[PDB]
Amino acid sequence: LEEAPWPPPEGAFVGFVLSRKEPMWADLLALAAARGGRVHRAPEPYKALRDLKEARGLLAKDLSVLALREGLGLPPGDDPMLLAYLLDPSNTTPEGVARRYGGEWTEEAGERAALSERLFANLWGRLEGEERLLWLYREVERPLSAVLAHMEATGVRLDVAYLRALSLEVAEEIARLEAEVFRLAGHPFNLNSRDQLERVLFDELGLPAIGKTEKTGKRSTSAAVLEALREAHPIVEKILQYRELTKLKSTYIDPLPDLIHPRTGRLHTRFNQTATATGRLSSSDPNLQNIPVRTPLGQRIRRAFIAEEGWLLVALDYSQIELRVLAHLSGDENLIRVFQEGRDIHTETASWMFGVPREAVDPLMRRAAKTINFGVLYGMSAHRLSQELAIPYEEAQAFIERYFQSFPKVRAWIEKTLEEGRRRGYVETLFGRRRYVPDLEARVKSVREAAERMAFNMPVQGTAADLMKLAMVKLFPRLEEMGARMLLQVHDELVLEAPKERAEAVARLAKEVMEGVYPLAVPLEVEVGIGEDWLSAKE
């Protein structure tokens, strides 16, 4: 390309180099733009951002987030990554996309700008005739990137002093557990080492091995294996408790307070738009989509996620979303009727599991039922949920029978989905998002059947993902008008931050927007709560 002085014309494709991958923490090392056979290199990157009308090109959201960080209202526009991801969700990296669609991902901003221009031209051409994918791009993915950029730049407040105090307390309990484990082992060792633990349990203590690990075939020390050995030796329970505490402390309690941004005083994640095979988002650096909530200590950690002073968090959560989606996709009368009657499958299953009336089902019991309901739906074995429920194999067989027999058209939709998948080479969501599954025609059964479970799950999980994305795009401008903030997305949950005076109105509006985003054969119901912290806002 012909070198030309900054600034570039309108509609130019940007290229840029960051000191690190996280846009909220990155230094803008270089900035460039390409248009009309010319490349414009910015002598002064930060000031040059002001000359841009939009961030158009590869990883557009990243540059936009950095711009927002610097108080510049620069929205992301066209991004070849989004086009490639829609064509094939295995297109997740700019390295891969460049190689596949015409270029090479380098470390020079000018070459990145030129690459962005070429890739877009080529990828836009491949979207010719793909009207459903084109609809997803224009109406969902492209505007969503703008929404996500604002969310990333906003961040969420965290009670740092609380977590630091909690760390000291957990450390003392960990010390008690590890000391007991070493005593019971008869000698100290690296309890964090599963290799050393394996030898202690199975060679020294002579406990029976239950399972083997996948890649190397070692005797597994997983929680599922330990759960089976809970009554064989006192050391097992102590290890399980050590596992829980060290997991939470090393993953959340200790790292998170060190990740507070010095300018915003808040915690900033990244919402990756081209990272999953189903169309779901992912969250990273740090992952805020896996904040603990199951155990007491876990809930204690979730409490650290708080609203700004004078504000309140609003948590909105779709009700039984994939089951409702399944009802629409399959068209099963029995399942549709269940949601028309306003029933709760999770509660009903949980009542059966613990053998109690459905009014005696606590949140923890209902949570466990989700493993059973979705597990069985997506192909869990009779042997597994017999171990999950600690019931005889024969009973576990019977549950799987009645589950599918209650909803006959579900199995029909699955068989239809798999056959179409074999013929076309891909499955699709309700809106036409695709996932290629070539292993549907594998001659090895274990491989073929594994692919099948991936294949028929994708339209269900993906449709729910499409619906949430659409809801986010619609909801965002409404929130901006109300002075409320969209903070987090957790797959089928949104976390908002609103002024105390407007909290209830925001909750009501967001609920209605989410419920009426795209009507199905069954009503979409959304549970909403308001609180000073994340945990309180979901109760």
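For every residue, the number given is its place in the sequence shown, counted from 1. So that the term is clear: the rigid core is the largest set of C-alpha atoms that superpose within 1.5 Å between two forms.
In terms of root mean square C-alpha deviation after superposing on the rigid core in 8 other deposited structures of this protein, the stretch standing farther out between 251-259 and 398-406 is 398-406. Of the two stretches examined, 426-434 and 365-373, the one with higher mean CA deviation in 8 other deposited structures of this protein after a rigid core fit is 365-373. Of the two segments examined, 395-403 and 294-302, it is 395-403 that shows the higher average Cα temperature factor in the deposited entry. For the pair 272-280 and 226-234, the mean Cα B-factor is higher in 226-234. Looking only at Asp159, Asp254, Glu141, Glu348, the residue with the top Cα B factor in the deposited structure is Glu348.
If you compare the C-alpha temperature factors of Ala113, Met454, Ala360, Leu312 in the entry, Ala360 comes out highest. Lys500: CA B factor in the highest third of modelled residues in this chain (values from the PDB entry). Remark: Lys249 belongs to the lowest third of its chain, ranked by C-alpha B-factor as recorded. Sorting the modelled residues of the chain by their CA temperature factor places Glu515 in the middle third. The entry lists a Cα temperature factor for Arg183 that places it in the highest third of the chain's modelled residues. Sorting the modelled residues of the chain by their CA temperature factor places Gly103 in the middle third.
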